[PDB]
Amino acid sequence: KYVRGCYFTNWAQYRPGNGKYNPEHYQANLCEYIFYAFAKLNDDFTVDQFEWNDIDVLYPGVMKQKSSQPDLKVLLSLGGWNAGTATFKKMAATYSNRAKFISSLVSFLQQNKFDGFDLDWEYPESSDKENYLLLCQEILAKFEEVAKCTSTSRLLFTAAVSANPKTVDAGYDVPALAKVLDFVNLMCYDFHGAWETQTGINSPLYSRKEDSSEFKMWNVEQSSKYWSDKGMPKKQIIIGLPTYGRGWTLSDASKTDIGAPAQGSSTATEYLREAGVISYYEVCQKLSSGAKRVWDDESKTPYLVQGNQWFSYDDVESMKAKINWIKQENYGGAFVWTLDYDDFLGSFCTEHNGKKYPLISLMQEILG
């Protein structure tokens, strides 16, 4: 009745100390689907592994989890934000280029025992709309062809899609893609971040009265609605849950409101070491240090203040509110980004008595 998904990342193995995330850190029945991020798209449009140890170690490591969760399905994700669109745009522009990518892809999936493919082209533009459609149609066709041919279940085929309606209009033929994609993973996050000069919410459930006109649809609720109205069935919209936060350095540590002015990004944190970004477990460390929390009931998310540092993030209350809203509105489910941001050891946080995956466990718990 409800999809429950989780992104694994193949660079989380390089965090320092207990931030290091390995496939053995996964938990049985946490996720129905594990989206592996990412494969590499070569310049010649062929698919290969991205990290030097995927084929030999990490891919099989994730697959071993099926031993204790037999209907765990694992899909290979290609793209992401770092990858950009340059290869994608070229690869998709001709039938023969997509044929080379598709065929290369089908073979890389079979060899490495994946259950499906997840296209995270971030993002198709006007010039790519029609190409994108054909690319997906042809991926389903080959998958359909391969399945009848080899007498197997068809490979699964999903896309991570843009939550910004202006992009959805530009680059997605939504009714056509509905007929073709299994489901879409709605990236209803990153709505606000340190690229802005004032504090905002990362992933607000609802809009806020103080939002300006350009952002009245930049919430989970209204962005999922937009996909619904463009012709994607609600059951094929899967709601993105962010286990990370974004943060600013406050311009004045006395104005600490949603919208307070900021002079730059939050200082890079101990583990993710990316300025402007905090993992959930890092938040728990900060709480333990007398960082103060503030619920925002309008948007149903918390923020965190400590010194001149201000983070929007997501915790058990905000996650409880979104997943419940997933059920109340009958969207297709939830997915989490990422596994390695939660308190996967269950030792960085203390409010949860040591429960592993305080945040991600909510999916199986509430969505069954």
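Residue positions are given as counts along the sequence shown, with the first one as 1.
Stretch with the higher entry mean CA B-factor, where the candidates are 273-281 and 253-261: Going by the record's values, the stretch with the higher mean is 253-261.
Given 333-341 and 320-328, the range whose Cα B-factors average higher in the PDB entry: The deposited B-factors put 320-328 ahead on the C-alpha mean.
Per the PDB entry, maximal CA B factor within 143, 132, 117, 108: That would be 143.
Peak C-alpha temperature factor (PDB record), options 148, 179, 292, 113: When the deposited C-alpha B-factors of 148, 179, 292, 113 are compared, 292 is largest.
Third assignment of residue 23 from its chain's C-alpha B-factors: Middle third, going by the recorded CA B-factors of the chain.
Chain third (lowest, middle, highest) by recorded CA B-factor, residue given as residue 242: Residue 242: CA B-factor falls in the lowest third of its chain.
Chain-relative CA temperature factor third for residue 304: It falls in the top third of the chain.
Record-listed C-alpha B factor of residue 346: chain third: Tercile = highest for this residue's CA B-factor.
Assigned third (lowest, middle, highest) for the C-alpha B factor of residue 229: Residue 229: CA B-factor falls in the highest third of its chain.
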